[PDB]
Structure formats: structure tokens, C-alpha cells
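One structure is given below, encoded as C-alpha cells.
Just so you know, these numbers use all the heavy atoms, side chains as well, and skip hydrogens, waters and symmetry mates. In listed order, ligands and their atoms are each counted from 1. FYI, the numbering just counts along the sequence from 1.
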Amino acid sequence: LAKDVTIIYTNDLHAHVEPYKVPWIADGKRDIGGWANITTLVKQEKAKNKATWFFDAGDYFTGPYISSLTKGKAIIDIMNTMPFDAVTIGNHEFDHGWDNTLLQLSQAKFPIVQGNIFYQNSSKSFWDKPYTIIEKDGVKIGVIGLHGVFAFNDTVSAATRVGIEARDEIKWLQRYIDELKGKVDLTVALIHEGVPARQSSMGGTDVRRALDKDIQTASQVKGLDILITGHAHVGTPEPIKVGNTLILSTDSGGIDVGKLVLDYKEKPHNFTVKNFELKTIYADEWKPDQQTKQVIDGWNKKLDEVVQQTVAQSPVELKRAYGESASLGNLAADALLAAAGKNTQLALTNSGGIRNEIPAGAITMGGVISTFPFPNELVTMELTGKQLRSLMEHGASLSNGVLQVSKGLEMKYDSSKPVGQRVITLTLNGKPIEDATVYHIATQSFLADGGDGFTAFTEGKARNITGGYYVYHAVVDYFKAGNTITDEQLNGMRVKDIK
Ligand SMILES: O=c1ccn([C@@H]2O[C@H](CO)[C@@H](O)[C@H]2O)c(=O)[nH]1
Ligand SMILES: [Cl-]
Ligand SMILES: [Fe+3]
Ligand SMILES: [Mn+2]
């Protein structure tokens with residue numbers, strides 16, 4: 001009666017539907033990922049072994065323009081061609097508003113689980129299905145979907161979650177564990193939680209990211225067999241054992257896919273790990289599933305006319321960094337400053353909002369959208385020097401990366417100092433920022449409402465928001481207005497760790 005039970009999982013796929021280059025993998029010279037390749041991988045596993053499940057821990061939206069320009073519709077369409085047994089809902093599924101979340105995810109032909117997001121001051125749940133039971137070859141797996149409260153408040157834009165909220169994930173996890181006890185062979189939780197992923201062209205040396213939250217979660221509940229996590233984009237080359245729970249994750253974007261083979265016996269109810277592999281997907285090692293590819297191709301054809309348009313050019317690949325300035329952040333802040341105009345003195349934008357490199361050569365509308373994919377609207381406001389400095393300290397804490405800043409603003413911090421005391425110098429046009437002085441600043445609506453823990457933005461006065469005018473429009477308009485990429489945008493270390 002002993003049975004091979006196989007769990008295959010992804011997380012944080014982020015709309016990377018086609019194979020793509022990653023600067024820190026084979027020096028950006030080898031295609032990785034591709035959802036059509038992942039489909040072949042899973043179909044082949046499911047053909048070999050009946051008791052095979054495919055799960056995803058959220059954040060399949062947001063990234064390459066195919067997601068943003070369709071508000072995620074194309075992503076659900078493509079996912080409908082893939083053999084998912086269950087997924088949960090990550091923060092990025094909310095990027096186009098929670099009404100859009102309901103609208104698009106209603107179209108999914110695979111099960112979606114989410115049991116701890118509620119209407120505020122209500123017992124009513126946001127999603128209809130907190131968990132579900134998926135049985136294959138006499139083996140029943142109960143799968144629970146949850147979002148960390150901290151991560152929900154930290155990374156869902158304020159404007160897209162008005163009137164909804166995540167609630168104590170630990171309380172709901174134990175409740176659902178207890179509700180499933182005696183009804184299933186194995187209990188799995190898909191939990192979207194923790195610190196946000198680093199957004200960087202440099203990979204792992206650019207701000208440490210770990211899975212401490214998930215270890216905490218596992219150690220706070222009893223009776224959970226597997227915790228699949230997403231949100232931090234930190235893969236687990238071996239399962240992390242906490243008590244009797246295995247914690248599993250991937251590096252995100254379809255770079256790798258996890259595969260856990262268990263030996264299971266229902267009679268003496270026991271599972272033991274038989275084999276685990278976190279497999280790097282190299283496009284040239286896989287035949288893409290033709291149906292998945294066809295749906296992707298049909299969507300690209302629809303979008304081509306809009307995205308193909310040339311908006312600029314760059315002599316070099318434009319890069320991003322999470323702990324310091326990089327060219328894409330310098331350009332985005334300069335574009336925001338340019339678009340705000342008038343008396344604006346400086347612009348700030350978040351490192352986590354910059355999602356891809358822009359390759360060298362002709363820059364197209366699609367490339368700009370893939371890099372700056374958020375409906376985050378231009379906001380101008382007045383902040384004191386003291387408030388600006390508090391924002392800089394929050395950035396230097398590296399919990400959510402540093403702010404990227406406009407030309408003229410320079411910030412130096414020391415990451416070896418205690419959080420709260422890391423800013424060394426902060427100057428605008430060579431003069432120190434002064435506590436009581438009032439500065440005219442530009443940013444966007446995600447930061448303006450306190451996104452990423454940047455709370456002092458919410459104290460800004462004389463606030464003005466431009467509806468429908470996003471970071472990517474500002475960037476496009478920057479090149480339309482005559483401006484080009486400058487050497488100081490390319491090499492200027494406006495924000496720098498002097499550790
Ligand atoms: O509207 C949004 C929502 C999220 N994010 C970014 O996405 C990261 C999570 O992947 C967050 O830390 C934040 O920087 C934005 O930039 N804008
Ligand atoms: Cl969390
Ligand atoms: Fe996330
Ligand atoms: Mn993610």
C-alpha cells in the first residue's frame with residue numbers, strides 16, 4: 001500500500017510567461033523559465049505517477065507587460081492551459097484593484113484557495129474558498145491558502161485594498177488545520193508572507209533575503225505537513241524542517257521548479273521524504289507545451305501593435321538595485337521629477353517597483369511597461385526635511401530597499417549601524433536637508449499612501465494626485481520631451497552604502 005506522492009510547486013511566477021535572460025545566470029546569455037516549458041515538466045511528471053500535485057503560492061501577476069496591459073486576464077488564460085491543482089492569492093493579484101482580483105480569478109479553471117482576507121469590520125470573507133481537498137489515487141490532500149497580514153499591509157497598494165484586509169494568519173491556519181483533521185491524508189498550506197523580494201540586477205549580494213517568517217509560522221502551529229511559501233523569492237535547495245513541517249519555496253519567475261517525492265502510507269499514517277529537487281529550468285533543455293505556447297502567442301499578437309512602438313534608445317542595458325542607486329531608479333526618479341514640473345525639487349520612488357532590466361538598443365513601450373508595470377499615479381506634496389530624513393532612514397533599514405532618488409539628491413548610509421541610525425549624509429544640490437525646511441517633492445501613489453512601510457509620506461501636505469498617469473507614462477514622456485539617458489543617470493551613485 002506504500003505510495004509515491006509527488007508535489008511539484010512554484011511561487012512568484014510574476015507573468016514571466018516566456019523564457020528570458022537573468023543577468024546573474026550564465027551572465028544573461030542563457031534563456032531560463034517559460035511557462036510552456038513548466039507545463040511540459042508537470043505533464044510529464046503527472047503521466048508517470050498518478051499521485052502528483054502541482055501547487056503555486058501566489059504572485060503569478062505583475063511583471064512583463066502581458067500582465068499589466070490585460071490586468072492579469074492573459075495570465076489566468078495562460079494558467080488555464082497548465083495543470084495546476086491549486087493556487088493561492090498573492091499581493092500582486094491585487095495590483096489592479098480588488099474588484100479586478102475577483103473578476104479575473106473568477107475565470108480560473110483550477111482551484112484557488114484564500115482563507116484569511118476579509119471585508120473590514122465584517123465577518124464576510126473576500127474569497128469563497130478558504131481551503132479545498134484534492135484527491136488522487138486514494139490520497140486526499142487538503143490545501144489551505146493564506147496571506148501574511150504584515151506582507152498584505154506592507155505590499156498591497158492602499159488604493160487597491162480599500163475596505164479589505166488580511167487577518168491573523170496563524171489563527172486561521174490552525175483553525176483550518178483543525179477543520180481538516182480526519183478528512184485528509186496530508187495537509188498543505190500555501191502561504192504568501194514575509195519580507196518582500198529584492199528587486200535587483202545583481203542577485204543575492206544585493207540585500208539579504210531569508211525565510212524567517214515561515215520558520216516562525218511553522219513553529220506556531222501543529223499538524224501542518226507542508227508549507228509552500230511565496231513573497232520573498234528565496235528558494236529552498238533542501239526542504240527546511242521545522243518540527244514535523246517541511247517548508248518549500250522557489251527563487252521565483254519560473255527560474256526553478258520544486259519537486260518533492262514522498263513515500264506515503266495511509267495505514268500507519270506516515271510520510272517520509274524520498275527525494276527532493278529544486279530544478280533550474282533552462283529553456284534549451286525543454287520542449288514547450290504547444291497549447292500553452294499557442295495561448296501566449298495569441299496574446300502577444302493582440303498586444304504587439306501597442307508594445308512594439310519605439311520610445312527611446314539606450315547605449316547599454318539599464319539595471320536596477322535594491323540597496324543603492326542604479327540607472328533604472330535614477331531614470332525613474334528623474335522622469336517623475338520632470339513630469340511634476342513647476343516648483344518640485346526632488347522625486348522619490350521605490351526600488352521594489354522596478355521589475356526588470358531594459359536591454360541595450362531601441363527601447364519599446366513594452367520594455368518600459370515590463371520594468372515599471374504598476375498603476376502607481378504621480379503625486380506631488382510638501383514634506384519637511386525631518387520627514388524626508390525619516391523616509392531615508394526607513395530605506396537605509398533595507399526592509400523594503402532604498403528609495404531611488406532624483407538628480408541633485410545625495411544620500412549616504414552605513415548598513416553596519418543600528419536601524420534608525422544609518423543615514424550619514426543627506427543633501428540636496430550640495431546643501432544639507434534641514435529639519436524644518438519644507439520641500440516640494442514628487443513620488444507616486446503606492447509610496448504616497450505609505451506603501452513599503454514608508455509612513456512619513458502619509459504626512460505630506462498640499463497633496464495632488466494625477467489620475468491615470470503612472471510611472472511608465474512619466475518615463476515615456478521623459479523621452480518624448482527631448483531628454484535622453486545621461487552619463488550621470490548611468491553611473492551616478494546618488495544613494496550609496498558606505499559600510
Ligand atoms: O502598487 C504597487 C504594489 C507593490 N509594489 C512593489 O512590489 C513589491 C513587492 O513585490 C513591494 O515591496 C513594492 O515595492 C509597487 O511598487 N507598487
Ligand atoms: Cl507577513
Ligand atoms: Fe508577494
Ligand atoms: Mn512576488
Side-chain angles (χ1 to χ4, degrees), residues 10-15 56-63 67-68 71-72 87-98 100-101 116-117 146-161 165-170 172-173 190-200 207 209-217 220 227 229-234 249-250 252-253 320 322 328-329 332 336 348-356 371-377 379 394-395 397-404 443-454 457 470-472:
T10 51
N11 51 283
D12 294 288
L13 286 174
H14 282 297
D56 178 279
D59 272 7
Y60 27 87
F61 284 16
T62 309
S67 187
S68 272
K71 308 185 174 182
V87 317
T88 192
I89 304 179
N91 52 290
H92 287 288
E93 275 70 82
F94 292 92
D95 283 342
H96 307 282
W98 59 253
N100 183 72
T101 304
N116 78 321
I117 301 166
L146 301 162
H147 203 292
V149 169
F150 171 80
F152 190 92
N153 294 327
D154 204 36
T155 64
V156 179
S157 196
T160 65
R161 53 68 64 87
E165 65 188 357
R167 296 195 184 140
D168 186 354
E169 62 274 11
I170 308 303
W172 292 97
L173 177 48
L190 308 182
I191 309 182
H192 206 83
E193 67 175 354
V195 303
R198 86 172 58 81
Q199 295 299 322
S200 175
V207 190
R209 298 277 94 153
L211 304 177
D212 303 314
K213 179 59 167 77
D214 308 284
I215 293 156
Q216 180 172 81
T217 292
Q220 293 166 320
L227 197 167
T229 180
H231 188 67
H233 307 196
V234 175
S249 194
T250 79
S252 95
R320 59 221 174 97
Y322 201 62
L328 282 175
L336 293 174
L348 303 167
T349 196
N350 50 305
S351 293
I354 312 184
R355 305 303 288 201
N356 214 314
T371 289
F372 302 105
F374 302 99
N376 296 160
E377 306 169 318
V379 174
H394 185 67
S397 82
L398 302 174
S399 60
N400 303 74
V402 297
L403 293 176
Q404 302 288 326
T443 186
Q444 27 68 12
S445 61
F446 171 78
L447 284 175
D449 293 333
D452 264 344
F454 287 92
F457 281 114
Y470 312 140
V471 175
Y472 83 73

Angle subtended at the Fe ion (ligand 3) by ND1 of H231 and OD1 of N91, to 10 degrees?
90°
With heavy atoms of [X] as the reference, note each atom of ligand 1 found under 4.0 Å away.
X: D95; value: 3 (C)
X: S157; value: 1 (O)
X: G353; value: 14 (O), 16 (O)
X: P196; value: 12 (O)

At under 4.0 Å between heavy atoms, what of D59 touches ligand 1? The answer is neither
Could you identify the single nearest non-hydrogen protein atom to [atom] and state the distance to 0.1 Å?
atom: atom 8 (C) of ligand 1; answer: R355 NH1, 3.5 Å
atom: atom 6 (C) of ligand 1; answer: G352 O, 3.6 Å
atom: atom 3 (C) of ligand 1; answer: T155 O, 3.5 Å

For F372 and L328, which heavy atoms make the closest approach, and how far apart are they?
CZ-O, 4.0 Å
If every non-hydrogen atom of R198 is compared with every non-hydrogen atom of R209, which pair is closest and at what distance?
NH2-N, 3.4 Å
Taking both backbone and side chain into account, is any N, O or S atom of [X] nearer than 2.8 Å to the Fe ion (ligand 3)?
X: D12; answer: no
X: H192; answer: yes
X: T155; answer: no

Which atom of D59 approaches the Fe ion (ligand 3) most closely (N/O/S)
OD2
Cut-off 3.5 Å, side chains only: do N350 and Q444 have a donor facing an acceptor?
yes
Going by distance alone, is a donor N or O of one side chain under 3.5 Å from an acceptor N or O of the other, for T217 and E169?
no
What I want to know is whether [X] and ligand 1 share at least one N or O pair that is separated by under 3.5 angstrom.
X: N376; result: yes
X: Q199; result: no
X: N350; result: yes
X: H92; result: yes
X: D452; result: yes

Should the pair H92 and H14 be assigned to parallel (<30°), tilted (30 to 60°) or perpendicular (>60°) ring geometry?
perpendicular
Anything under 30° is parallel, anything over 60° is perpendicular, the rest tilted; go ahead and classify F454 against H394.
perpendicular
Would a 4.5 Å heavy-atom cut-off, applied to side chains only, mark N400 and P196 as touching?
yes
Would you check if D59 and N91 make a side-chain contact, meaning some heavy-atom pair closer than 4.5 Å?
yes
Are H231 and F152 near enough that their ring centres are under 6.0 Å apart?
no
Report the C-alpha separation of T229 and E193 in whole Å, then their side-chain angles, then the decisive distance to 0.1 Å, and conclude whether the side-chain hydrogen bond (donor to acceptor under 3.5 Å, both in side chains) test is met.
CA-CA 7 Å; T229 180; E193 67 175 354; 4.7 Å; no
Chi angles and distances behind the side chain to side chain contact (heavy atoms under 4.5 Å, CB included) call for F446, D452
CA-CA 8 Å; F446 171 78; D452 264 344; 3.4 Å; yes
